[PDB]
Amino acid sequence: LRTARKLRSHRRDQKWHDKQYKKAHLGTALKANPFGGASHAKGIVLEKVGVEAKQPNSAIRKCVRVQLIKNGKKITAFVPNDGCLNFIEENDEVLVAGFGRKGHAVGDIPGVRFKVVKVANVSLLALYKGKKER
Amino acid sequence: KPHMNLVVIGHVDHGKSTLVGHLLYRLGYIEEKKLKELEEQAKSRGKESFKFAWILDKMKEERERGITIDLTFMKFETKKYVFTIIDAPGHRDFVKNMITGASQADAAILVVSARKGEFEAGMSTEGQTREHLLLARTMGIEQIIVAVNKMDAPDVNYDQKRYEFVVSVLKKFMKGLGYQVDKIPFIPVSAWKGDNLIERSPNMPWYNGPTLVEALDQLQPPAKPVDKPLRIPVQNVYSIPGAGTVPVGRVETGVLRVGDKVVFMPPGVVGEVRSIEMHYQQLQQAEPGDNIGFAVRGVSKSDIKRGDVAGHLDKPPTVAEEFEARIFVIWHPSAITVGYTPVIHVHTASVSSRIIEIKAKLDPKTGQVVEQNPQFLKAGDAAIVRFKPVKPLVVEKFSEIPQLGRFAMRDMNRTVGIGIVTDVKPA
RNA sequence: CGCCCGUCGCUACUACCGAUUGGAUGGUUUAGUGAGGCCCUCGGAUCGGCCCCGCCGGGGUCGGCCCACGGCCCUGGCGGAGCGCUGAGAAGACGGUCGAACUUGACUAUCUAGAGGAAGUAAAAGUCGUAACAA
RNA sequence: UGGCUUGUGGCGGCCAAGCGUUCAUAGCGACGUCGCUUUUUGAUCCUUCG
RNA sequence: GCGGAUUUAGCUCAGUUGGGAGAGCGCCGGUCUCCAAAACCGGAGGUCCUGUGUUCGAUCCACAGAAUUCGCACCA
RNA sequence: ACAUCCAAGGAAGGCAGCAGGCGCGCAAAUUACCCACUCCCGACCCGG
RNA sequence: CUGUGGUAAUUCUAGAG
RNA sequence: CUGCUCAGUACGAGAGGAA
RNA sequence: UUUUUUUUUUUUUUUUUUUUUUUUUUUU
Ligand SMILES: *C(=O)[C@@H](N)Cc1ccccc1
């Protein structure tokens with residue numbers, strides 16, 4: 001009963017072995033991405049580049065490199081809807097957000113951790129269906 | 001006391017800004033200490049003779065070059081009227097600015113140099129006495145006073161023969177434009193000396209007409225169409241500490257009050273009036289003729305620009321998917337066909353527009369069709385044509401709101417044609 | 001006719017190394033300098049009261065028919081007006097502790113530029129050899 | 001060092017087929033030919049090792 | 001607002017001094033195959049971004065627009 | 001250390017108090033009405 | 001607190017009762 | 001050599017810019 | 001008392017892109 005401190009100290013230190021716990025523990029989340037841990041960042045379409053799918057899946061994926069506002073850093077982004085390219089023009093303000101928990105992109109996608117959802121401060125769904133905007 | 005908008009027009013260097021500045025001065029609207037400082041600054045930069053002009057010309061490039069570049073607005077008050085006076089540039093590069101000025105005007109002072117060669121140049125084929133007169137007519141200015149300027153100049157020296165020469169030339173041309181020439185004052189002045197600006201000049205005994213101020217009082221105020229729907233073409237948009245983003249422009253039709261919700265077309269952005277100002281005096285309402293700045297809550301400066309038009313939400317300004325017009329061709333070096341794309345200067349806007357069809361050539365005097373779908377038009381022709389603006393443009397039918405329904409066509413920096421819109425297909 | 005390995009040639013992205021004694025940033029600071037208030041040795045623009053003398057006005061007593069007059073006590077006005085003594089009292093000023101800020105460097109914490117060098121990872125297949133799985 | 005000579009170097013020159021959009025010379029000139037030059041370099045052995 | 005660049009084939013770029021364009025991918029097409037890869041044929045493909053001026057003639061020059069870029073100005 | 005207007009001489013300021021502008025960003029309002037309530041502050045009222 | 005004052009200008013402020 | 005007036009002038013369609 | 005047993009590799013590196021298809025009670 002008098003050896004409480006060792007178990008107390010032991011737990012916290014052995015705990016370091018949990019990588020997600022570790023992630024919160026080290027100021028890394030703030031600095032591991034262009035966002036700074038942020039869910040959404042406004043950006044500019046520097047170029048639009050077609051890319052090739054990975055493994056047996058064969059496809060041309062719509063990809064945009066984006067210059068961020070406060071951050072000012074290069075970003076690799078994924079264009080989502082079918083003919084969004086028709087509606088994506090260079091240097092139009094774009095809001096970007098991530099896919100399924102931070103880390104790995106959709107298995108089909110190559111090196112993109114980010115998704116494009118707004119064009120000119122307008123959501124994607126509106127351009128995509130005829131009834132909304134044009 | 002009724003309010004009027006005055007545009008000052010005419011060829012480069014003919015004396016527009018010197019007239020306005022000097023007029024404001026001897027009318028005591030300008031601090032003598034400031035005139036003193038301007039003069040010293042003008043002399044020290046090698047430009048003594050710009051002291052009155054520099055009351056209006058404030059931009060770094062205006063002062064460096066000694067020319068006006070864009071509009072300046074000044075309030076002054078005569079015996080009968082309060083005027084907003086608008087100083088417009090003569091330089092050919094900035095006739096687009098002069099045109100927005102004319103679109104906002106009730107009357108015009110045409111300033112024309114009597115100096116040898118200066119007159120002839122202004123009235124030459126590619127001169128801006130010629131061009132500004134033409135554009136003022138098309139933007140719907142009927143009341144005009146002409147200041148035959150620089151009578152003091154040594155190569156002029158108050159000569160009545162020179163004066164009557166410029167008057168007659170000016171008269172023959174102005175009558176060909178449709179001006180009622182018998183009614184318009186031709187005052188011999190010196191913008192620089194002051195002759196005939198506000199008091200009568202001993203140097204020119206032979207002149208019996210009004211002085212310029214007297215001529216102003218003899219003008220007549222225009223119809224105030226307060227029962228037509230609100231339309232305010234924006235001439236510029238400022239971003240102002242305390243107010244936020246404030247469009248400026250002249251109320252053409254309708255009325256605007258603090259509290260109002262307003263929409264700006266063609267963007268489709270909506271805001272709400274926090275405040276209204278004319279010549280630094282805060283207002284609660286503004287009616288046609290009011291030249292104003294209006295602060296707008298909920299609108300970013302980047303959303304709105306010059307040539308956009310503000311109306312109330314229930315009757316928003318019309319955006320033309322396409323539009324139809326009656327046009328006359330002033331000048332063209334070859335021919336105009338379907339597909340021709342000059343810029344359209346309408347109210348404060350200027351947007352290239354493609355001629356998608358030429359429905360009919362008309363006899364310029366009678367208006368009868370002389371040929372269905374002509375193969376082309378040329379200089380001298382009149383026509384009914386269809387127009388598709390290259391980017392979203394606001395226009396109204398001339399029959400409905402004439403101040404958003406008259407236009408010039410310009411291309412390669414020349415005025416090519418003039419027009420009135422006879423029909424609009426809304427976006 | 002199964003799996004499978006590594007160097008070598010493209011293309012991209014990370015991180016390691018790095019001539020510039022490298023640049024940038026923010027915290028604690030050694031030393032040399034020191035505004036400014038404040039305590040404190042002074043000073044002393046200035047102001048008033050009593051000191052002495054002479055002259056008149058007024059109240060109360062004494063020597064005079066007086067009246068002026070003289071003495072005491074209390075005020076008013078003028079000269080030696082400040083000439084003798086006292087009190088509070090602005091500028092300034094001795095020497096201080098406090099201590100901004102300047103410079104000169106330190107030092108951490110936090111990023112970062114670069115010819116080149118060196119891995120990897122996307123990695124499907126081009127090119128060399130058979131290492132591992134069945135002694 | 002100096003020196004003859006000037007191939008080599010440097011510079012002008014007659015002629016004008018060409019450039020120069022029309023045209024040769026405004027401004028330039030193939031080829032071909034006449035030369036001036038002695039701060040390059042070259043060949044020569046004349047002056048200087050007493 | 002002003003001023004510079006840039007716009008040429010499906011893609012990316014070269015030309016030019018007004019007589020009218022040229023290459024690397026592409027890629028695309030066919031044969032073989034489940035489909036490609038390889039192999040073997042075959043493909044030619046452009047209002048030279050637009051209007052006007054000049055000109056006998058404008059991809060080119062001049063003057064004017066658009067779109068993208070980059071300087072600079074303005075500052076309710 | 002910021003930084004506002006300079007009659008060229010000077011004079012100011014500390015909105016991390018309401019409103020309101022900008023900025024910053026992924027991220028938070030309006031230049032309103034009032035002492036009636038709750039209290040509090042000044043002296044024997046009833047001011048603020 | 002009366003009145004009398006100066007300055008581009010500031011919470012400037014004299015002298016007199 | 002530079003400045004002030006000469007002068008934003010004449011000459012220019014402007015860009016510009018003198019003596 | 002009853003058993004070995006020699007032989008030994010003389011010669012076998014490599015094989016371009018892509019590969020594929022699955023789901024249930026209740027009796028008439
Ligand atoms: C804001 O000042 C307007 N109301 C007046 C104005 C100033 C500058 C430019 C345009 C308008």
# chains A, B, ... in the order shown; residues from 1 in each chain; ligands from 1
call {"tool": "residues_around", "arguments": {"residues": "residue 20 of chain A", "least_positions_apart": "6", "cutoff": "12 Å", "atoms": "only C-alpha atoms (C1' of nucleotides)", "output": "tab-separated table (two decimals) with N, CA and C atoms, in the first residue's frame"}}
result
chain	number	residue	atom	x	y	z
A	26	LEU	N	2.66	16.06	-27.77
A	26	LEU	CA	3.69	16.85	-28.43
A	26	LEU	C	3.01	17.89	-29.34
A	28	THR	N	2.96	18.71	-32.03
A	28	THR	CA	2.97	18.26	-33.41
A	28	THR	C	1.69	18.54	-34.24
A	29	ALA	N	0.51	18.38	-33.66
A	29	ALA	CA	-0.74	18.58	-34.41
A	29	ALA	C	-0.86	19.99	-34.97
A	101	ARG	N	-11.00	10.87	-40.62
A	101	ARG	CA	-9.96	11.11	-39.57
A	101	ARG	C	-8.56	11.50	-40.17
A	102	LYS	N	-7.84	12.43	-39.54
A	102	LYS	CA	-6.56	12.88	-40.13
A	102	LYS	C	-5.56	11.72	-40.28
A	103	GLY	N	-4.83	11.70	-41.40
A	103	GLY	CA	-3.88	10.63	-41.63
A	103	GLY	C	-3.73	10.19	-43.08
call {"tool": "residues_near_ligand", "arguments": {"ligand": "ligand 1", "cutoff": "10 Å", "atoms": "only C-alpha atoms (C1' of nucleotides) and all ligand atoms", "output": "ChimeraX atom specification"}}
result
/B:70-74,234-240,243,245-249,276-281,291-295 /E:74-76
call {"tool": "atom_distance", "arguments": {"atom1": "atom CA of residue 158 of chain B", "atom2": "atom CA of residue 196 of chain B"}}
result
11.7 Å
call {"tool": "residues_around", "arguments": {"residues": "segment 2-4 of chain G", "least_positions_apart": "3", "cutoff": "10 Å", "atoms": "only C-alpha atoms (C1' of nucleotides)", "output": "list in words"}}
result
residues 15, 16 and 17 of chain G
call {"tool": "write_last_selection", "arguments": {"atoms": "N, CA, C and O atoms (P, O5', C5', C4', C3', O3' and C1' of nucleotides)", "output": "PDB file, in the first residue's frame"}}
result
ATOM      1  P     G G  15      -1.436  87.205 -12.185  1.00  0.00           P
ATOM      2  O5'   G G  15      -1.724  88.765 -12.058  1.00  0.00           O
ATOM      3  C5'   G G  15      -1.028  89.707 -12.865  1.00  0.00           C
ATOM      4  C4'   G G  15      -1.988  90.748 -13.379  1.00  0.00           C
ATOM      5  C3'   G G  15      -3.061  91.176 -12.387  1.00  0.00           C
ATOM      6  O3'   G G  15      -2.625  92.293 -11.623  1.00  0.00           O
ATOM      7  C1'   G G  15      -4.076  90.494 -14.413  1.00  0.00           C
ATOM      8  P     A G  16      -2.966  92.376 -10.055  1.00  0.00           P
ATOM      9  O5'   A G  16      -4.441  92.978 -10.020  1.00  0.00           O
ATOM     10  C5'   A G  16      -4.852  93.949 -10.978  1.00  0.00           C
ATOM     11  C4'   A G  16      -6.340  94.199 -10.882  1.00  0.00           C
ATOM     12  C3'   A G  16      -7.060  93.628  -9.670  1.00  0.00           C
ATOM     13  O3'   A G  16      -6.856  94.374  -8.482  1.00  0.00           O
ATOM     14  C1'   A G  16      -8.346  93.209 -11.577  1.00  0.00           C
ATOM     15  P     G G  17      -7.223  93.712  -7.065  1.00  0.00           P
ATOM     16  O5'   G G  17      -8.811  93.735  -7.025  1.00  0.00           O
ATOM     17  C5'   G G  17      -9.492  94.814  -6.416  1.00  0.00           C
ATOM     18  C4'   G G  17     -10.949  94.775  -6.782  1.00  0.00           C
ATOM     19  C3'   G G  17     -11.811  93.957  -5.840  1.00  0.00           C
ATOM     20  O3'   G G  17     -12.206  94.734  -4.724  1.00  0.00           O
ATOM     21  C1'   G G  17     -12.198  93.235  -8.025  1.00  0.00           C
TER      22        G G  17
END
call {"tool": "residues_around", "arguments": {"residues": "segment 1-18 of chain F", "least_positions_apart": "4", "cutoff": "10 Å", "atoms": "only C-alpha atoms (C1' of nucleotides)", "output": "list in words"}}
result
residues 33 and 34 of chain B; 8, 9 and 10 of chain G
call {"tool": "write_last_selection", "arguments": {"atoms": "C-alpha atoms (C1' of nucleotides)", "output": "PDB file, in the first residue's frame"}}
result
ATOM      1  CA  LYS B  33      -4.667  79.918 -46.951  1.00  0.00           C
ATOM      2  CA  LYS B  34      -5.138  76.686 -48.907  1.00  0.00           C
TER       3      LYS B  34
ATOM      4  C1'   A G   8      -2.790  77.925 -35.427  1.00  0.00           C
ATOM      5  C1'   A G   9      -3.858  75.106 -31.770  1.00  0.00           C
ATOM      6  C1'   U G  10      -4.404  71.790 -26.050  1.00  0.00           C
TER       7        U G  10
END
call {"tool": "closest_atom_pairs", "arguments": {"of": "chain I", "to": "chain A", "cutoff": "12 Å", "atoms": "only C-alpha atoms (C1' of nucleotides)", "output": "JSON lines"}}
result
{"residue": "I:17", "atom": "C1'", "partner": "A:56", "partner_atom": "CA", "distance": 11.5}
{"residue": "I:18", "atom": "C1'", "partner": "A:56", "partner_atom": "CA", "distance": 8.1}
{"residue": "I:19", "atom": "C1'", "partner": "A:56", "partner_atom": "CA", "distance": 9.6}
call {"tool": "interface_residues", "arguments": {"of": "chain B", "to": "chain H", "cutoff": "10 Å", "atoms": "only C-alpha atoms (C1' of nucleotides)", "output": "PyMOL selection string"}}
result
chain B and resi 13+44+46-47+65-67+91-93+126-127
call {"tool": "residues_around", "arguments": {"residues": "segment 21-38 of chain E", "least_positions_apart": "4", "cutoff": "10 Å", "atoms": "only C-alpha atoms (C1' of nucleotides)", "output": "list in words"}}
result
residues 125 of chain C; 8, 10, 11, 12, 13, 14, 15, 16, 42, 43, 46, 48 and 59 of chain E; 16, 17, 18, 19 and 20 of chain I
call {"tool": "select_by_dssp", "arguments": {"residues": "chain A", "states": "strand (DSSP E)", "output": "ChimeraX atom specification"}}
result
/A:40-52,60-68,76-78,93-98,114-119
call {"tool": "write_last_selection", "arguments": {"atoms": "N, CA and C atoms", "output": "CSV table (one decimal), in the first residue's frame"}}
result
chain,number,residue,atom,x,y,z
A,40,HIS,N,-11.0,23.7,-41.6
A,40,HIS,CA,-11.2,24.4,-42.9
A,40,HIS,C,-10.2,25.5,-43.2
A,41,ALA,N,-9.8,25.6,-44.5
A,41,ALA,CA,-8.9,26.7,-44.9
A,41,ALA,C,-9.3,27.3,-46.3
A,42,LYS,N,-9.4,28.6,-46.4
A,42,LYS,CA,-9.7,29.2,-47.7
A,42,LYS,C,-8.5,29.2,-48.6
A,43,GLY,N,-8.7,29.0,-49.9
A,43,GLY,CA,-7.5,28.9,-50.7
A,43,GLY,C,-7.8,29.3,-52.2
A,44,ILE,N,-6.7,29.3,-53.0
A,44,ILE,CA,-6.6,29.7,-54.4
A,44,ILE,C,-6.1,28.6,-55.3
A,45,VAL,N,-6.9,28.3,-56.4
A,45,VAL,CA,-6.4,27.3,-57.3
A,45,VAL,C,-5.3,27.8,-58.2
A,46,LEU,N,-4.0,27.3,-57.8
A,46,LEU,CA,-2.8,27.7,-58.5
A,46,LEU,C,-2.7,27.1,-59.9
A,47,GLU,N,-3.1,25.8,-60.0
A,47,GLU,CA,-3.2,25.0,-61.2
A,47,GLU,C,-4.1,23.9,-61.0
A,48,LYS,N,-4.5,23.3,-62.1
A,48,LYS,CA,-5.4,22.2,-62.1
A,48,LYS,C,-4.6,21.1,-62.9
A,49,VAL,N,-4.3,20.0,-62.2
A,49,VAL,CA,-3.6,18.9,-62.8
A,49,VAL,C,-4.3,17.6,-62.8
A,50,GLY,N,-4.3,16.9,-63.9
A,50,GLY,CA,-4.9,15.6,-63.9
A,50,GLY,C,-4.0,14.6,-63.3
A,51,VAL,N,-4.5,13.6,-62.6
A,51,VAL,CA,-3.6,12.6,-62.0
A,51,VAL,C,-4.1,11.2,-62.2
A,52,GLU,N,-3.2,10.2,-62.1
A,52,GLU,CA,-3.5,8.8,-62.3
A,52,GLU,C,-3.8,8.0,-61.0
A,60,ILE,N,-8.7,9.0,-64.1
A,60,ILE,CA,-8.1,10.3,-64.1
A,60,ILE,C,-8.8,11.1,-63.0
A,61,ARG,N,-8.1,11.5,-62.0
A,61,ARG,CA,-8.7,12.2,-60.9
A,61,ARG,C,-8.4,13.6,-61.0
A,62,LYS,N,-9.4,14.4,-60.6
A,62,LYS,CA,-9.2,15.9,-60.7
A,62,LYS,C,-8.5,16.4,-59.5
A,63,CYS,N,-7.3,17.0,-59.7
A,63,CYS,CA,-6.5,17.5,-58.6
A,63,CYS,C,-6.1,19.0,-58.7
A,64,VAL,N,-6.1,19.7,-57.6
A,64,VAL,CA,-5.8,21.1,-57.6
A,64,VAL,C,-4.7,21.5,-56.6
A,65,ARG,N,-3.7,22.3,-57.0
A,65,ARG,CA,-2.7,22.7,-56.0
A,65,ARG,C,-3.1,24.1,-55.6
A,66,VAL,N,-3.2,24.3,-54.2
A,66,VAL,CA,-3.8,25.5,-53.6
A,66,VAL,C,-2.9,26.3,-52.7
A,67,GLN,N,-2.9,27.6,-52.9
A,67,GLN,CA,-2.1,28.5,-52.1
A,67,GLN,C,-3.0,29.0,-50.9
A,68,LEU,N,-2.6,28.7,-49.7
A,68,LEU,CA,-3.5,29.1,-48.5
A,68,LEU,C,-3.3,30.6,-48.1
A,76,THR,N,-1.9,20.0,-51.8
A,76,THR,CA,-2.4,19.0,-52.7
A,76,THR,C,-3.9,18.7,-52.4
A,77,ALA,N,-4.8,19.0,-53.3
A,77,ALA,CA,-6.2,18.9,-53.1
A,77,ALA,C,-6.9,18.0,-54.1
A,78,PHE,N,-8.0,17.4,-53.6
A,78,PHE,CA,-8.8,16.5,-54.4
A,78,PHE,C,-10.2,17.2,-54.8
A,93,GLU,N,-11.8,31.7,-55.2
A,93,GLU,CA,-11.7,31.3,-53.8
A,93,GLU,C,-12.3,30.0,-53.5
A,94,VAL,N,-11.5,29.1,-52.9
A,94,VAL,CA,-11.9,27.7,-52.6
A,94,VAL,C,-11.8,27.3,-51.1
A,95,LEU,N,-12.8,26.7,-50.5
A,95,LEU,CA,-12.7,26.3,-49.1
A,95,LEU,C,-12.4,24.8,-49.1
A,96,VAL,N,-11.3,24.4,-48.4
A,96,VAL,CA,-10.9,23.0,-48.4
A,96,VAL,C,-11.0,22.3,-47.0
A,97,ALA,N,-11.4,21.1,-47.0
A,97,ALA,CA,-11.6,20.3,-45.7
A,97,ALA,C,-11.1,18.8,-45.9
A,98,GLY,N,-10.8,18.1,-44.8
A,98,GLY,CA,-10.2,16.8,-44.9
A,98,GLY,C,-11.2,15.6,-45.0
A,114,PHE,N,-6.6,16.4,-48.6
A,114,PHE,CA,-7.6,17.5,-48.6
A,114,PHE,C,-8.6,17.4,-49.7
A,115,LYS,N,-9.8,18.0,-49.4
A,115,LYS,CA,-11.0,18.0,-50.2
A,115,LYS,C,-11.5,19.4,-50.5
A,116,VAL,N,-11.8,19.7,-51.7
A,116,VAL,CA,-12.3,21.0,-52.2
A,116,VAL,C,-13.9,21.1,-52.1
A,117,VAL,N,-14.4,22.0,-51.3
A,117,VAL,CA,-15.9,22.0,-51.2
A,117,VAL,C,-16.6,23.4,-51.6
A,118,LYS,N,-15.8,24.5,-51.6
A,118,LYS,CA,-16.4,25.7,-52.0
A,118,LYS,C,-15.8,26.4,-53.2
A,119,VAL,N,-16.6,27.0,-54.1
A,119,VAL,CA,-16.1,27.8,-55.2
A,119,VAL,C,-16.7,29.2,-55.1
call {"tool": "select_by_dssp", "arguments": {"residues": "segment 10-79 of chain A", "states": "helix (DSSP H, G or I)", "output": "list in words"}}
result
residues 10, 11, 12, 13, 14, 15, 19, 20, 21, 22, 23, 24, 25, 28, 29, 30 and 31 of chain A
call {"tool": "atom_distance", "arguments": {"atom1": "atom CA of residue 268 of chain B", "atom2": "atom CA of residue 316 of chain B"}}
result
9.2 Å
